[PDB]
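Enquirer: Residue numbers (the UniProt record's numbering), protein chains in the order written: chain H, 2 to 118; chain W, 1 to 140; chain Z, 2 to 60; chain V, 1 to 101; chain D, 53 to 202; chain U, 1 to 112.
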RNA sequence: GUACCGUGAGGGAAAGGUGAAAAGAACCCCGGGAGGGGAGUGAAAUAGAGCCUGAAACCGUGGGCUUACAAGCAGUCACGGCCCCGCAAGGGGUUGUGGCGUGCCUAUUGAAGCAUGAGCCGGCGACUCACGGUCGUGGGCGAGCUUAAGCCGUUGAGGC
RNA sequence: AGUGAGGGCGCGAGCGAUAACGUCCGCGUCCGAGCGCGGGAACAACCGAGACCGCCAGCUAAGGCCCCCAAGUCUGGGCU
RNA sequence: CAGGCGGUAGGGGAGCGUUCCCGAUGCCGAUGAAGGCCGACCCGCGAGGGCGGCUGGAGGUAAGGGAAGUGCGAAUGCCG
Ligand SMILES: [Mg+2]
Ligand SMILES: [Mg+2]
Ligand SMILES: [Mg+2]
Ligand SMILES: [Mg+2]
Ligand SMILES: [Mg+2]
Ligand SMILES: [Mg+2]
Ligand SMILES: [Mg+2]
Ligand SMILES: [Mg+2]
Ligand SMILES: [Mg+2]
Ligand SMILES: [Mg+2]
Ligand SMILES: [Mg+2]
Ligand SMILES: [Mg+2]
Ligand SMILES: [Mg+2]
Ligand SMILES: [Mg+2]
Ligand SMILES: [Mg+2]
Ligand SMILES: [Mg+2]
Ligand SMILES: [Mg+2]
Ligand SMILES: [Mg+2]
Ligand SMILES: [Mg+2]
Ligand SMILES: [Mg+2]
Ligand SMILES: [Mg+2]
Ligand SMILES: [Mg+2]
Ligand SMILES: [Mg+2]
Ligand SMILES: [Mg+2]
Ligand SMILES: [Mg+2]
Ligand SMILES: [Mg+2]
Ligand SMILES: [Mg+2]
Ligand SMILES: [Mg+2]
Ligand SMILES: [Mg+2]
Ligand SMILES: [Mg+2]
Ligand SMILES: [Mg+2]
Ligand SMILES: [Mg+2]
Ligand SMILES: [Mg+2]
Ligand SMILES: [Mg+2]
Ligand SMILES: [Mg+2]
Ligand SMILES: [Mg+2]
Ligand SMILES: [Mg+2]
Ligand SMILES: [Mg+2]
Ligand SMILES: [Mg+2]
Ligand SMILES: [Mg+2]
Ligand SMILES: [Mg+2]
Ligand SMILES: [Mg+2]
Ligand SMILES: [Mg+2]
Ligand SMILES: [Mg+2]
Ligand SMILES: [Mg+2]
Ligand SMILES: [Mg+2]
Ligand SMILES: [Mg+2]
Ligand SMILES: [Mg+2]
Ligand SMILES: [Mg+2]
Ligand SMILES: [Mg+2]
Ligand SMILES: [Mg+2]
Ligand SMILES: [Mg+2]
Ligand SMILES: [Mg+2]
Ligand SMILES: [Mg+2]
Ligand SMILES: [Mg+2]
Ligand SMILES: [Mg+2]
Ligand SMILES: [Mg+2]
Ligand SMILES: [Mg+2]
Ligand SMILES: [Mg+2]
Ligand SMILES: [Mg+2]
Ligand SMILES: [Mg+2]
Ligand SMILES: [Zn+2]
């Protein structure tokens, strides 16, 4: 009994061309090019899912330092005030308040200001 | 939840006088106002920064013997086309170029970065051509 | 010579791109005065055979 | 008038009647649970050390449920190594009901 | 059914190298480990086969589906005859039936029936047995059965 | 509502005819009649005869009115080419591809 | 064993499918014809004979997003605009700017590599089988286990 | 089963020129197979550190905290 | 509940899909079989499998087992 190749391959290639929609030139038309391109994406994402984390981390910290610089002091002290004072609001919701709730932030500046000494 | 995005901003126009300030160290913070990192909502994908106008540029300071000995280099594209003119010569003749050429180097490269440079407006000496813009003098 | 040879298949874009001025341009037409029908300027009209008032070629 | 709560090992700013999703919980799709407050403010301005003692937040666990699967690949070159994990993240979806501070 | 020639030289062709066209790399080439004929048979041990035959049968009486019979009433080489003998023995053919008898005239009749498999006794075996529910049998066959065991 | 006509298998290279068609695509029926009357290309012939057969259809078959007609759409599909052989130097042959085209033209009415 | 190739011995292809039925499209329209448009046949004519299904590469036409101070393994992550599906929440397409980013294969101490193979697509393509070894394992019987060729019977029935 | 071309670095020797991204052994490491991740501008083998998946959460490691680039134009004393 | 889970040569394991046989005098099927094209839905870690719309026009084959010409991107592979 000869198991003629049949539908398998054409189907299998098809599911890749699917994943490769939106790719430039042959990378969206050639199986052998999707696989290549797709290999890359699969690593690029997992690299950037792991990275995206420490992206915002920085974007926050910028938005924060930009705020303490308004109330005289810097980020690197502003934190150590929070760390002393026992406050554990995350940098996310720090920069949150920074834009949305200036006066709340300013209050936070003061505890940590005080708490340093 | 998701991080706040700056909806859209009116620009902020500064007035900084260069006179008697070290070249780099002035450029260092002109950058950050260009870049706009100073504002607590800043976003690296869009052009919200501060339109900085600089005055008495030609009357800037610099340390060491750098006036003579620090040389600017630029290359034409032709053989021997490396042109090399000293700092002395530069602010002597095209004054404003000094501060600019120094800020462009502290600005990020490519699109937005280059876009930011176009907001920096520098004039050597006494004053500037747009009091109409109403530019707040910052003393830093 | 040592037989210059293209080193990479042209992208479809770069192909289609080069062709950007291949676009044909339409013929210059005036209307023949004597018949009001279309003819190429500065030429004797193919239809009436008049040109510059007089009747040049009989059709 | 909000509160900074903690759950799932992540801090969230919540207001009453808020639609939001948290890291999965063991509670009933339909019941309720109290979230701790780390900082309350709006008309008030309370700061936790690290958490404010009295402040608590009611939450109707509106429904559990599973996320949207992501194919996560792995590829090492010139070695023949490729790996496909399909992963969808579990999540409980809360309705912020009210604050108590 | 080709030839031997090396279709084109080993070198400087600029084409890839080959030999004859018969090579399985070609279309129309030979098949690489393509099936030849075989004998799939073996000698499943005599003890086992005997032991199976028992268990098969025993399993029917364990379900209570074995039925010994001696009498084949009207049954006489017409289907109707058997078709009514079946009637009068819980064999309306709801369940499928292995029929095992010595005589031909009965299997003759039951033959064309679409829920009956007939069989000489001496050919009673385990595939045809497991294949059906109710297993009906000659007294003269049952003789051979318990004697083809033992 | 519209009428079309198609010249299948016209033995001329599609690439060459498309240049022609592109001249008329969108134009008024009588702009075409003149655009092709004086265009300097082989394909003008083959384009025209489609145009003229198409329009003739549109009136004589689909109610329509000649002075209302314009080319709503046109396009040259490529069709089976004739492969032939060209003896090159040193014993090499090459495969010349005498190509063909399917020329479609489509007009419609426009009531002003 | 044809076309075709070789003086010759000899080599040696490709090429199947309308429909239930030709009912294989009268007649009109443009056209030199080809071919198309109507009409007509059919259950269906993108079943119209270059005929079943009709994938891919490849080539067109229309639509939407997009692009002419940006630089590049073409992706990815984020934001934002315009477009489409959703009352909403949501999604799908696109991609302006920002973060980051050295193709696949093989061979290698080491490759993005200026080492190797690949134009692209489809299809064909490479660890088998027979005997006999040797472990392992699922069973049968166990100081015993087992039959070979054959003979008898069956037409997929076994027994001897 | 595979392996029986190893490579670099540290250290201990020979050979070499107290030459070589050299070579040949001994100990160890790392690469190989960790060309996954952070430093090191970039860069297998130097420093940090052994990637099951997810997170717009947190402490650090090497290295860093003028700006491109996250975080001190921090602090005190001294030299150039 | 605690702990392990980078990995080439390579050892082991568990599965998926193709062709065919028993299951089949059965069952699905013009109220549409196989295949083709879509899909943001469903299930699965994955290979896959369902579902739904379009096409297509006559075949297909369960649970459970069995046997193999069984899965291609590379061979300056072969054919088109
Ligand atoms: Mg903290
Ligand atoms: Mg603010
Ligand atoms: Mg000084
Ligand atoms: Mg001097
Ligand atoms: Mg003035
Ligand atoms: Mg003045
Ligand atoms: Mg003035
Ligand atoms: Mg006239
Ligand atoms: Mg309470
Ligand atoms: Mg022969
Ligand atoms: Mg025996
Ligand atoms: Mg006995
Ligand atoms: Mg002409
Ligand atoms: Mg009318
Ligand atoms: Mg007219
Ligand atoms: Mg010639
Ligand atoms: Mg060619
Ligand atoms: Mg060619
Ligand atoms: Mg006529
Ligand atoms: Mg005619
Ligand atoms: Mg016709
Ligand atoms: Mg009809
Ligand atoms: Mg139809
Ligand atoms: Mg139909
Ligand atoms: Mg046709
Ligand atoms: Mg034909
Ligand atoms: Mg065809
Ligand atoms: Mg076709
Ligand atoms: Mg098609
Ligand atoms: Mg423009
Ligand atoms: Mg770019
Ligand atoms: Mg660029
Ligand atoms: Mg719409
Ligand atoms: Mg809808
Ligand atoms: Mg919307
Ligand atoms: Mg979107
Ligand atoms: Mg894009
Ligand atoms: Mg988007
Ligand atoms: Mg980008
Ligand atoms: Mg025993
Ligand atoms: Mg014995
Ligand atoms: Mg034999
Ligand atoms: Mg029989
Ligand atoms: Mg050796
Ligand atoms: Mg190796
Ligand atoms: Mg490596
Ligand atoms: Mg590298
Ligand atoms: Mg590194
Ligand atoms: Mg490394
Ligand atoms: Mg600073
Ligand atoms: Mg001293
Ligand atoms: Mg059958
Ligand atoms: Mg059947
Ligand atoms: Mg019907
Ligand atoms: Mg249908
Ligand atoms: Mg199907
Ligand atoms: Mg199935
Ligand atoms: Mg089902
Ligand atoms: Mg369906
Ligand atoms: Mg099965
Ligand atoms: Mg070929
Ligand atoms: Zn005239």
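Where is the CB? At the ideal position from N, CA and C, for every residue including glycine.
Need the endpoints of the beta strand (DSSP E) that residue 8 of chain U sits in, please.
Expert: The residue given as residue 8 of chain U occupies position 8 in the sixth chain. Looking at the DSSP string, the run of the beta strand (DSSP E) that includes residue 8 of chain U is 2-10.
Enquirer: Check whether the Cβ of residue 63 of chain H lies closer than 7 angstroms to any Cβ atom in chain W.
Expert: Looking up residue 63 of chain H in the first chain gives position 62. By this cut-off, residue 63 of chain H is an interface position.
Enquirer: Looking at the unbroken beta strand (DSSP E) that takes in residue 11 of chain V, where does it start and where does it end?
Expert: To locate residue 11 of chain V, count along the fourth chain from 1; it is residue 11. Looking at the DSSP string, the run of the beta strand (DSSP E) that includes residue 11 of chain V is 10-14.
Enquirer: Determine the chain W residues that contact residue 101 of chain H at a beta-carbon separation under 9 angstroms, and present them in chain order.
Expert: Residue 101 of chain H sits at position 100 when you count from the first residue of the first chain. Residues of chain W passing the Cβ test: 4.
Enquirer: Per DSSP, what are the beta-bridge partners of residue 192 of chain D in this structure?
Expert: Reading the fifth chain from its first residue, position 140 is the one you call residue 192 of chain D. Answer is none; residue 192 of chain D lacks a bridge partner.
Enquirer: Work out the CA separation of residue 69 of chain D and residue 178 of chain D for me, nearest whole Å.
Expert: Numbered from 1 along the fifth chain, position 126 holds the residue referred to as residue 178 of chain D. Numbered from 1 along the fifth chain, position 17 holds the residue referred to as residue 69 of chain D. Spanning the two alpha carbons is a distance of roughly 57 angstroms.
Enquirer: Starting from the C-beta of residue 2 of chain U, find all residues in its chain whose C-beta is less than 7 angstroms away, skip the five residues before and the five after it, and write them out in chain order.
Expert: For the purposes of this step, residue 2 of chain U is identified with residue 2 of the sixth chain, where counting begins at 1. Taken in chain order, the residues that qualify are 72, 106, 107 and 108.
Enquirer: Looking at the unbroken beta strand (DSSP E) that takes in residue 7 of chain V, where does it start and where does it end?
Expert: To locate residue 7 of chain V, count along the fourth chain from 1; it is residue 7. Run containing residue 7 of chain V: 2-7, per the beta strand (DSSP E) assignment.
Enquirer: Of the choices V/22, V/36, V/7 and V/74, whose alpha-carbon is the least far from that of residue 64 of chain V?
Expert: The sequence position of residue 64 of chain V within the fourth chain is 64, counting from 1. That would be V/22, whose Cα lies nearest to the Cα of residue 64 of chain V.
Enquirer: Taking the alpha-carbon of residue 31 of chain V as reference, which of V/18, V/93 and V/4 has the nearest alpha-carbon?
Expert: Here residue 31 of chain V refers to the residue found at position 31 when the fourth chain is read from its first residue. For residue 31 of chain V, the nearest C-alpha among the options comes from V/93.
Enquirer: Note down the Cα distance separating residue 101 of chain W from residue 49 of chain V, rounded to an integer number of angstroms.
Expert: Within the second chain, the letter at position 101 stands for residue 101 of chain W. Within the fourth chain, the letter at position 49 stands for residue 49 of chain V. Whole-angstrom Cα-Cα distance: 50 angstroms.
Enquirer: So which of D/91, D/147, D/110 and D/134 has the shortest CA-CA distance to residue 194 of chain D?
Expert: Start at 1 with the first residue of the fifth chain, and residue 194 of chain D comes out as number 142. The shortest C-alpha separation from residue 194 of chain D is found at D/110.
Enquirer: Along the region 43-57 of chain V, where does the CB come closer than 7 angstroms to a CB of chain H? Name the residues.
Expert: For the region 43-57 of chain V, which is checked against every Cβ of chain H, the residues closer than 7 angstroms are 45, 47, 48, 49 and 50.
Enquirer: Can you tell me whether residue 22 of chain Z is helix, strand or coil according to DSSP?
Expert: For the purposes of this step, residue 22 of chain Z is taken as residue 21 along the third chain, with counting starting at 1. Looking at residue 22 of chain Z - three-state DSSP - the assignment turns out to be helix.
Enquirer: Identify which residue in W/56, W/34 and W/52 has its Cα closest to the Cα of residue 46 of chain W.
Expert: As a working note, residue 46 of chain W is residue 46 in the second chain. Of W/56, W/34 and W/52, the residue nearest in Cα terms is W/34.
Enquirer: Is the beta carbon of residue 112 of chain H less than 7 angstroms from the beta carbon of residue 61 of chain H?
Expert: Position 111 of the first chain holds residue 112 of chain H. Position 60 of the first chain holds residue 61 of chain H. Their beta carbons are not under 7 angstroms apart, which means residue 112 of chain H does not touch residue 61 of chain H by this criterion.
Enquirer: Round the Cβ separation of residue 111 of chain U and residue 76 of chain U to the nearest angstrom and send it over; I've been treating them as touching at under 8 angstroms.
Expert: Counting from one through the sixth chain, the residue named residue 111 of chain U turns up at place 111. Counting from one through the sixth chain, the residue named residue 76 of chain U turns up at place 76. No, residue 111 of chain U and residue 76 of chain U are not in contact; Cβ-Cβ is about 29 angstroms, not under 8 angstroms.
Enquirer: Look up residue 82 of chain H in the DSSP assignment and say whether it is helix, strand or coil.
Expert: As a working note, residue 82 of chain H is residue 81 in the first chain. Here residue 82 of chain H sits in helix by DSSP.
Enquirer: Which chain Z residues are close to residue 20 of chain U, counting only those with a beta carbon under 9 angstroms from its beta carbon?
Expert: Stepping through the sixth chain from its first residue, residue 20 of chain U is reached at position 20. Going along chain Z in sequence order, the residues near residue 20 of chain U (Cβ under 9 angstroms) are 25.
Enquirer: Taking DSSP as the reference, what is the three-state secondary structure of residue 12 of chain Z?
Expert: Stepping through the third chain from its first residue, residue 12 of chain Z is reached at position 11. Reduced to three states, the DSSP call for residue 12 of chain Z is coil.
Enquirer: Tell me the residue span of the beta strand (DSSP E) that contains residue 81 of chain U.
Expert: Taking the sixth chain and counting its residues from 1, the one referred to as residue 81 of chain U is at position 81. Residues 69-87.
Enquirer: Counting only beta-carbon atoms, is residue 42 of chain W nearer than 7 angstroms to chain H?
Expert: Against the second chain, residue 42 of chain W aligns to sequence position 42. Yes, its Cβ sits closer than 7 angstroms to a Cβ of chain H.
Enquirer: If you draw a straight line from the C-alpha of residue 91 of chain U to the C-alpha of residue 36 of chain H, how long is it?
Expert: Along the sixth chain, read from residue 1 onward, the residue named residue 91 of chain U stands at position 91. Along the first chain, read from residue 1 onward, the residue named residue 36 of chain H stands at position 35. Cα to Cα, residue 91 of chain U sits roughly 41 angstroms from residue 36 of chain H.
Enquirer: Against chain H, with Cβ distances strictly below 7 angstroms, would residue 21 of chain V count as a contact?
Expert: For this step, residue 21 of chain V is matched to residue 21 along the fourth chain. Not one chain H Cβ lies under 7 angstroms of residue 21 of chain V.
Enquirer: Mind listing, in chain order, the continuous alpha helix (DSSP H) runs of no fewer than 4 residues lying wholly within the region 23-73 of chain W?
Expert: 23-34 and 66-69, all fully within the region 23-73 of chain W.
Enquirer: Rounded to a whole number of angstroms, what is the C-alpha to C-alpha distance between residue 25 of chain V and residue 17 of chain H?
Expert: As a first step, residue 25 of chain V must be located in the fourth chain, where it is residue number 25. As a first step, residue 17 of chain H must be located in the first chain, where it is residue number 16. Taking the straight line from one Cα to the other gives about 36 angstroms.
Enquirer: Would you mind working out which of H/64, H/40, H/69 and H/66 sits nearest residue 80 of chain V, comparing C-alpha positions?
Expert: Reading the fourth chain from its first residue, position 80 is the one you call residue 80 of chain V. Among H/64, H/40, H/69 and H/66, the Cα nearest to that of residue 80 of chain V belongs to H/40.
Enquirer: Who are the neighbours of residue 39 of chain U on chain Z, taking C-beta pairs under 9 angstroms?
Expert: As a working mapping, residue 39 of chain U is identified with position 39 in the sixth chain. Result: 25, 27 and 28.
Enquirer: Going along chain H in order, which residues have a C-beta closer than 7 angstroms to the C-beta of residue 68 of chain V?
Expert: Sequence index remark: in the fourth chain, residue 68 of chain V carries index 68 (1-based). None at all; the shortest Cβ gap to chain H is about 14 angstroms.
Enquirer: Quick check: what's the CA-CA separation for residue 21 of chain H versus residue 11 of chain H?
Expert: The residue labelled residue 21 of chain H in the question sits at position 20 within the first chain. The residue labelled residue 11 of chain H in the question sits at position 10 within the first chain. In a straight line, the C-alpha of residue 21 of chain H is about 15 angstroms away from that of residue 11 of chain H.
Enquirer: According to DSSP, residue 187 of chain D sits in a beta bridge with which residue or residues?
Expert: In the fifth chain, residue 187 of chain D corresponds to position 135, counting from 1. Note: residue 187 of chain D sits in a beta bridge opposite D/118 and D/150.
Enquirer: At a cut-off of 6 angstroms, is residue 103 of chain D close to ligand 11 when judged by its beta-carbon and the heavy atoms of the ligand?
Expert: In the fifth chain, the residue the question calls residue 103 of chain D occupies position 51. Not so, every heavy atom of ligand 11 lies at least 6 angstroms from the Cβ.
Enquirer: Using DSSP with H/G/I as helix, E/B as strand and the rest coil, what is residue 89 of chain W?
Expert: On the second chain, residue 89 of chain W is found 89 positions in, with the first residue counted as 1. Residue 89 of chain W falls in the helix class under three-state DSSP.
Enquirer: Determine which residues of the region 102-115 of chain H have a Cβ less than 7 angstroms from any Cβ of chain W, and write them out in chain order.
Expert: So the list is empty, because no residue satisfies the distance condition.
Enquirer: Can you check whether the CB of residue 82 of chain D is closer than 7 angstroms to the CB of residue 74 of chain D?
Expert: Along the fifth chain, read from residue 1 onward, the residue named residue 74 of chain D stands at position 22. Along the fifth chain, read from residue 1 onward, the residue named residue 82 of chain D stands at position 30. Cβ atoms of residue 74 of chain D and residue 82 of chain D: closer than 7 angstroms.
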